[PDB]
Structure formats: C-alpha cells, structure tokens
Amino acid sequence: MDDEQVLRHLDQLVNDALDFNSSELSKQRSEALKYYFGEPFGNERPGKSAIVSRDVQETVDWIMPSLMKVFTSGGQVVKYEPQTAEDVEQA
Amino acid sequence: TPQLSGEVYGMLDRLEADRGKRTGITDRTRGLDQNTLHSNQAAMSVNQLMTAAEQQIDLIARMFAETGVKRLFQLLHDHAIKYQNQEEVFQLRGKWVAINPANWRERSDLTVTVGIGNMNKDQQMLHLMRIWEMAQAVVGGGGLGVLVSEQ
Amino acid sequence: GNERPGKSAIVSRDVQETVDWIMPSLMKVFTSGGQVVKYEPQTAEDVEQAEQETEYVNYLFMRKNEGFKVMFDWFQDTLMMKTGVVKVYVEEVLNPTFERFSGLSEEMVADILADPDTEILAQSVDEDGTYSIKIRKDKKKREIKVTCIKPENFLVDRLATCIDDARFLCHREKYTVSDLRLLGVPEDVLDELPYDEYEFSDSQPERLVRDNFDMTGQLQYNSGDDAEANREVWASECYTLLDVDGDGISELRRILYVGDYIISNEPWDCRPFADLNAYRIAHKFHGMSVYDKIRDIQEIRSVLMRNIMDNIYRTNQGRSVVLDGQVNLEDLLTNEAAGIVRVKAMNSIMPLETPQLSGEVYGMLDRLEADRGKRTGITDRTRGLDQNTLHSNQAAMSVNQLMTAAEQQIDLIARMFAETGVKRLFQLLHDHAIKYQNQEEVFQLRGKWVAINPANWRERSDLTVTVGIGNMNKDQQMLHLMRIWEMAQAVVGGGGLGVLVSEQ
Amino acid sequence: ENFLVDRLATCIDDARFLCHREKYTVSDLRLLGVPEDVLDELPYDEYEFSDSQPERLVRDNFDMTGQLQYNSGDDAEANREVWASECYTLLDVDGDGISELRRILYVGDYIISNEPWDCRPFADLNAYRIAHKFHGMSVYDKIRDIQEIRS
Amino acid sequence: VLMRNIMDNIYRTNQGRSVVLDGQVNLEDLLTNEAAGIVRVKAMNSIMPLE
C-alpha cells in the first residue's frame, strides 16, 4: 500500500497516453496557425487564382503593439506596495 | 465581355465591416493609451474616444493584468523569499532585509501591482513640490524640531 | 439545423456582439479602482471597525480567492443565461501541505520549527551557515472561500421568486474519495458508493453544449481502474425548510449527503448564495437574457445572408449567349491576345443576363440591424460607461450629456448589480468574517486587532456597504485635505492653538 | 504542444494532472546524477511519437527548418537527445489514503525524481474567456468564416 | 402586420428564376453552369431573369 515504482509508472503512462492524440484542440490550433501564415486552404485548382485574404494576421498584428506598450513602456514591469508602514523597506 | 455585378464588391465591403464589428478593432481605430490601467490615472481619454465596441481591447488588457501576470509576479516573489540568496541582493542594493518565509501562503505583506509602472513620476513629483511647500510653511510657523526635523 | 448539403451556412452574430460590447464596461465599473468594496461607519464610534473590514474584505476577495475571475464568470452567466449565482462558505476539507525552504538562517529555522504542528522530513546544512529544510504541516485555521456555480448545478424550487424565501435550494458538486475520507466518512460506506450518480445528471444540455465547443468533455469515462483514491462521486448539499425536530415548526436546515448516506444534517442560520438578474421581471426569480430578446433578429438576418450567398454563388461564371450557325465557334473558343472572331451576322454574341435580387433584402438587413440597436440599447457608435457613473458626489455631468435615454439602459444594469447582488455578496462576506473570527490573521495583515461582538450580527447596525465603485475619489478628499489644512493655518493664526486645534 | 492538462481542470489550481514535456541531452542527465548503466539503455526517440504534433509541423514548415534530418545517431555521444516528462499530479504514494500533490520527473522507464511538492509553478492566460472553461476562444475561432468567404 | 406582409413578399421572390423561349434555346447547355460556358441559341432575346 505504498505505490512502488511499477504502479506509478503504470498510472503515469495511462494519464500521458490519454493525451498525445488526434483531438479537436490540436486541429483547431494548427488551423489557426495555418490561417495566420496565409497557407492555401486546399481547394485550389491547378490553373486558377489561389490568393488568400489576410484577416487573422491583421487582427493579431493590430492588437499586439498595444499589449506590449502596456506592460513594457515604463521600463519597470511590477511594483510591490506595502500593506502597513512596517513593510515599506521590504516592499 | 461579361462583367460581374456590384453585389460581390458591396458584400466584400459588408464582410470587412462585419469583421471590424466582431473583433472590435478596425483600420481607423486609435491605439491604447499607455496609462489605461493606472489608478489615479485621471486622463479621461480612451473614455472620450474608443466607443463601446472597441473598448473590447481594454478588457483584454484588464483580463491579462488581474489573472495571469499578477500570478506570475506573485510566484516570482514567493520563489524569491522561499529560496533566499544572500550576497546577491546585497551586491544589487548594498543592503539586506531579513524576511521570514514562514507565512508565505498568507500573502499578508505586499500587494502586487502589475498595474503598469508608467508615468506616475510627474504625479509624486508635484506631490513632492507641495509637500516641500508644506514643510516651508511649518518651519516658518515655528514648528521646527517638534513638527519637522532636519532629517 | 436547417442547413442544406450544398448551400451556404453562414450564421449572423448578434448575441455574441451584444454580450462582448456590454461586458468590458461592466468590468471597468466594479474593478478599475483596485478596491472593490468600502464599508462606511454609521457613527463616530465605528470608524476603526469600518477600516478593519475595508482592509480585511479586499484581502480575502482579491488576494485569496481570485475575485476577478469569479466576478467575470458571474456577470457573463447573468448576461448569457437568465441569472447568476455565487456561493460564500467556510472550507471544510483541510488538506495537509508540504513546504521546502533553502538558504535560511538560524533564527528563521528556529521560528519555523517552534510550531508544534509541523513535522521535519529533511534538514541539511550547506557551505556558509545556511539551512535547507523540508517540512509537512497540518493547518487547522478556517478559510473563507467564494466560488462560482455552474448554472446547471444549482437547483431552486419553482415558487421561490427570490432567494430569501425559497423553500428548497440545492448545490450539486463532485467529491473524490480522499475528500470524503477527510470529511470522516467510514470506509465501509465508501466501499458501497455509486461512482456515477442516481439521476443521470452528467447529461445536462448546457454541459453538453459547453463541452462540445472544443470536444473536451467527458468522452472518456473514468473513476474505473485508476487509483482508488481518485474516484469521483456526486454529492448534494441542500438548504431547505424541513421539520425534523418534531416541534411542528419547519426550520431551515442544511443537509449534505452522497448516495444514500447522510454526511451532515444540521440547522443553519443563513442561505449563503448571491444571485443576479440583468433584465428583471417583477415577481419572478429568473429574468430575461439577450437571447430571449434578439433570437428572431439573429435567425432572420442569417436567413437573408444565406439567400444572398446562394444568389451570388450561382451567377459568377460569366457565361455568354451565342447564335448557333452564325458564329465561328472554333475562333471563339481559343482566347488569345488581340484575337479575331469571324461572324456571319451581327447581334450574335452577348454576355448572359443573370437574375439579381432587389434592394428590399439589403434595405431590411439595415433595418434589422437598426432594430437590434434600438432593442438592446447599445450600438456600434455608443460610448462606453464612465468609470465613475455610480459615484455619490460624482458631479461629472457626462454620461448625462451624451448617452441618450435608449442607451442609458446599460446604466440600469450597472445599478441593478450594485444594489441587489454585489451588495448582498459583500454583506455576506462581512458577516462571515465577524461570525467565524480568526485573530493572528487580521493582526498579521494590519498589525492591530479590534474586538467585535457578533451578538447583533443580524441587525447590521454598524457599517453600511458601498459596493458602489471605490473609483477615483483620491483627488477629492485630497483637495479637501488642502482646504482643511488652510483652515488649520487660519485657526492657528487666530490664536486657537491648544484650544481650537491641538498639535496631534 | 508541450503542455498537457487533463480534460476536467477549468483552472490550474484545481487541475488533477499537469505535465511538461521537454528534451534533455546526455550531459544534462549526467549532471542530474543518472547512472551510466541506465543511460546506455535509454530510448533516443520517445515512447509515444510526440515529435509529429500538427502544430510543430505547421510551425516548422513555414521555412522548412524542422527536423527533416534525424540526429542523435553517430554524432558525439554526449549530445544525444531524449524526451523527459515532469508531471505535477495528485497521487497518494504515501499510503495514508489522502492523495497529495507530487512532482515526478522521469525519462523512459526510470524515475529521476519523485517528491511531494508545494505549488504548481505555471501561469496561464486567456484572451476571450468562456465561463467555467480552461481554454477560451481565439481570433481564428471568431473570423475563420469571414476569411474563407472573402478569399 | 406590415412587417409580416413584407416578409411574406420577400420570401417568395428570392429564387432567381429565369424565362426561356421553348424550342429556341439549347437546354442542355443552359442546365450545366460552368465557368466561361457557352449557351447556343437559335434566336435572340430568349433568356431573361424573371420579373
């Protein structure tokens, strides 16, 4: 009743092999990355146009700079505020 | 030669507008002010502009601040006080403060403000001006040594 | 569900847009100021107490319970579903903890080891007088927790009309075997516990819909041949008016049970739930949601959108009509630069005329968008709420200058949340703080302690709750401090020192 | 793709099982104290074929700078790479009947470390939060159809 | 009531049907709609959108 090495290996492998499979999450994430890169959809004919509109890329690239200017512009990134007058030096 | 009707172009424009409405950010959207998350911000901008549809971006900046980065820096502080390293802090600052890590789970000493350490320098700078004016007034009032000291 | 195999299937987004446009203002209000609640004293003899709670409740909500996430879930559930529920309780499962320290000095180690509730697992001394310790602790002090409840896991009777008069409330949750062991359940009962329900409550439609967004539901069954201590069971804690005393008067009781074994059965003092409605209907428990107001708009706009897609897809081939027998077909087939097509009689080739939809469809697309804007009160050009709309002594006539009456609907929501749900939540938090007192936590937080008699906790005769946003007032009382200091100079110059104002 | 969470978490602080998969070299394992005999019998490419995750393939194919060539073969012996897993989970190996938080670091069939732990050292973020869910929504999930139709 | 009348009208006039002279138009060509297709007709002014 102490879970020697073999039992915990069994449990760990069961839990791990439960994941690492073709699930909807990985497919959706890979598709998001593909759409960002502007990769072909897969329905393009040999002799016709195959251009792709860029929307996810534009939205991400328009959102990111604000999210960096906030949280980065000040040089400092965090400030610890004391609770009482006896913590100031620690703060 | 045959030509396509205007429905295609019109509804291309409609789809662009729909994307702008869904995401909340468009081609003419102003960027976020670098003091959006500040307390004592004043600066009623971002409220004057930035209609409710695009204030969505604000929410993201808020959601990141109160959930993830705050936890990150709380973890950093906890690791700093649990696995203490003397002679690194001393080399950095020239002085040391002893902290007992017994009650680290309580978080009863410091408040984390990932609230951006942006432009507050002018605020406490004017505050120092007014405080020094008060000090001059007190000294002129005959309170030296009882109200204020040279230190 | 009415889509055809080869036709368009575009869906208009209206409920999503409305919810996403309402939420950020509802967070900026109630969150922006850092503080979330302020307790104001009733008389001059409560001021210090009014401080303590204001500093205690704030540390519990924002630094010990993930207040922002709970509040966000609460508001989104209220807007999406018909009502939102949040529970406040005292922790009953007390897990042991393990701690690791390195680089400590002598006095820190002595202070850590002086506690009689800690056990040494490892101790070592490195080069330089620094210590490394590994300890296990069993803490017994209480914890005050605030949790969000999934709408499908909260049960209310059908005659309530409010929380305080509900005859039967119940909360369904999941417990592991280790949790039940910590609760004191005997082993023989544990061996004969149903590991999946009695009523098949894992197939609620809301749960299935929520879990199918990314297919991360319980597609695999568990609590089978895994570790025995991690098996999960469904437990129910119900608060109800039931007479088990036998005195003939039904009293409020809390019953916690799993399977057919009762874990706890005890008379209770209060119902620890806070509920929120966005669009309130008088004398009803559940209000209206955004879906209930704009579902038809969403459906009709989607149908029109699909019709326009269907028309466009079948008329973009650019076909042409040709008289048979009068046109050199071979010349027409080979399309080359500056080509020549030989024809025997003219008016023989033209582009094919394709049908087009009338302007009525586009016109009422616009009309339905305008109707949704009128109905919800928020449109594409509406300004957001000011972060000070709920302030007393606000002045700041903005939001009134702009924000016409239709849009002021959003204001009402911000008011309704402030006077009904959040106020009750923080009143419950204060009551729990003063009923189950814990010294040496308040002292560690503040450095001082104030004794509070909880005998009259039901009267609420000491503090008034202002969940009214503790947003930007600092400038106001700060200028007030300027002007008070000026009065102080005037008094001192008037010869009132020591009689009108003291140095302290 | 290298972070694993169970399907019932809804947040980090109550997740039953978290795990981080990373790559180590023989030199790192030697510095960690692994005996040589175990080192000679270590699988030099996985047990579960985790190098073919779709996200990794998509990311690496942008400039085809992925693992198109296999390595850890006849190169220097100290530079061979193996896949190691550090999992934080609630497991009762004490035998007291109560499952405690534990950190297990292992490679192949050999456990490098197995120790009771104090905190989960991870911080996660969500941009478009869905109530009572661990994973939120992305920009793709909101404008994929717009992109397709416009194209 | 007026809203309902407009909806009744719109639902029944969005099919995009066409009017064709019988016996003058190659129906096989017209039925198969492909890119840059050709429809052979024996007399002009024979295929219209329906009014």
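Chain A is the first sequence line, chain B the second, and so forth, proteins listed ahead of strands; every chain is numbered from 1. Side chains are part of it too, since the values below use all heavy atoms of this structure and drop only hydrogens, waters and symmetry mates.
- For chain C, the nearby parts of B:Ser39 are the backbone and the side chain; heavy atoms of each come within less than 4.5 Å.
- The choice from C:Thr382, C:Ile112, C:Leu365 that makes the most heavy-atom pairs within less than 4.5 Å of chain B is C:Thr382.
- Atom CG of C:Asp117 is surrounded by more than 12 heavy atoms from other residues, nucleotides or ligands within 6.0 Å.
- Heavy atoms closer than 4.5 Å to chain B are found nowhere in C:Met350, neither backbone nor side chain.
- For the atom pair OG1 of B:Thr1 and CD1 of C:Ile349, the computed distance is 11.5 Å after rounding to the nearest 0.5 Å.
- Neither the backbone nor the side chain of B:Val46 comes within less than 4.5 Å of any heavy atom in chain C.
- When heavy atoms are compared at a cutoff of 4.5 Å, C:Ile308 approaches chain B solely by way of its side chain, counted from C-beta outward.
- No salt bridge links B:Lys21 with C:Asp20; every basic N to acidic carboxylate O contact stays at or beyond 4.0 Å.
- Within residues 81-90 of chain B, the residues that have a heavy atom under 4.5 Å from a heavy atom of chain C are B:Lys82, B:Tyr83, B:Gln84, listed by number.
- Residue contact with chain C, scored on non-hydrogen atoms closer than 4.5 Å, involves the side chain of B:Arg14 exclusively.
- Neither the backbone nor the side chain of C:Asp128 comes within less than 4.5 Å of any heavy atom in chain B.
- Rounding to the nearest 0.5 Å places CZ of C:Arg383 at 6.5 Å from CG of B:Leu49.
- Only the backbone of B:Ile99 comes within less than 4.5 Å of a heavy atom of chain C; no side-chain atom from C-beta onward does.
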CA sep, side-chain torsions, deciding dist, call: B:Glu66, C:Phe72, side chain to side chain contact (heavy atoms under 4.5 Å, CB included): CA-CA 11 Å; B:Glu66 315 274 351; C:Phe72 184 89; over 6 Å; no

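- For C:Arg100, the parts lying under 4.5 angstrom from a heavy atom of chain B are both the backbone and the side chain.
- For chain C, the nearby parts of B:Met63 are the backbone and the side chain; heavy atoms of each come within less than 4.5 Å.
- If you take NZ on C:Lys474 and CG on B:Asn40, they are separated by 4.5 Å, rounding to the nearest 0.5 Å.
- For chain C, the option among B:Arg71, B:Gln48, B:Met50 with the highest count of heavy-atom pairs below 4.5 Å is B:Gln48.
- Contact of C:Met305 with chain B is made through the side chain alone, with heavy-atom distances under 4.5 Å.
- Listed options C:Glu17, C:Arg63, C:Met27 were ranked by heavy-atom pairs under 4.5 angstrom with chain B; first place goes to C:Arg63.
- Of the listed residues B:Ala137, B:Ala52, B:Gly115, the one with more heavy-atom pairs under 4.5 angstrom with chain C than any other is B:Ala52.
- In terms of heavy-atom pairs under 4.5 Å with chain C, the best-connected choice from B:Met134, B:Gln55, B:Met44 is B:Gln55.
- Neither the backbone nor the side chain of C:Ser320 comes within contact range of chain B; no heavy atoms are under 4.5 Å apart.
- The two residues C:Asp111 and B:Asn100 make their nearest non-hydrogen contact at OD2-ND2, 3.4 Å.
- Contact of C:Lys139 with chain B is made through the side chain alone, with heavy-atom distances under 4.5 Å.
- Looking only at heavy-atom pairs under 4.5 Å with chain B, the residue among C:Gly33, C:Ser398, C:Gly318 that has the most is C:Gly318.
- If you measure heavy-atom distances from C:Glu369 to chain B, the contacts under 4.5 Å come from the side chain alone.
- Chain B forms more heavy-atom pairs under 4.5 Å with one residue of C:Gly103, C:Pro351, C:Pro24 than with any other, namely C:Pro24.
- Of the two parts of C:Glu503, neither the backbone nor the side chain holds a non-hydrogen atom closer than 4.5 Å to a non-hydrogen atom of chain B.
- The greatest number of non-hydrogen atom pairs below 4.5 Å with chain B, out of C:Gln387, C:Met482, C:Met62, C:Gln16, is found for C:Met482.
- With salt bridges taken as basic N to acidic carboxylate O contacts below 4.0 Å, none links C:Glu66 and B:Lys70.
- Of all the heavy atoms in B:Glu7 and C:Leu357, the pair that sits closest is OE2-N, 3.6 Å.
- Interatomic distance, CG of B:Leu59 versus OG of C:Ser25, reported as 10.0 Å (0.5 Å rounding).
- When each of B:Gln74, B:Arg130, B:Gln3, B:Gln41 is scored by its heavy-atom pairs under 4.5 Å with chain C, the top score falls to B:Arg130.
- Top candidate by heavy-atom pairs under 4.5 Å with chain B, chosen from C:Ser132, C:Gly384, C:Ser102, C:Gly67, is C:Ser102.
- If you measure heavy-atom distances from C:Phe68 to chain B, the contacts under 4.5 Å come from the side chain alone.
- Here the shortest heavy-atom pairing between B:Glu106 and C:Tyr59 reads O-OH, 2.7 Å.
- Annotation for B:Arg22 and C:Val11: closest pair NH2-O, 3.7 Å, computed over non-hydrogen atoms.
- For C:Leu445, the parts lying under 4.5 angstrom from a heavy atom of chain B are both the backbone and the side chain.
- Side-chain contact check for C:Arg319 versus B:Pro2: every heavy-atom pair is 4.5 Å or farther apart.
- Using a 4.5 Å cut-off between heavy atoms, C:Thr97 touches chain B through its side chain atoms alone.
- Contact annotation for C:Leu352: neither backbone nor side-chain heavy atoms come within less than 4.5 Å of a heavy atom of chain B.
- C:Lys28 and B:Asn47 get closest at one heavy-atom pair: NZ-OD1, 4.0 Å.
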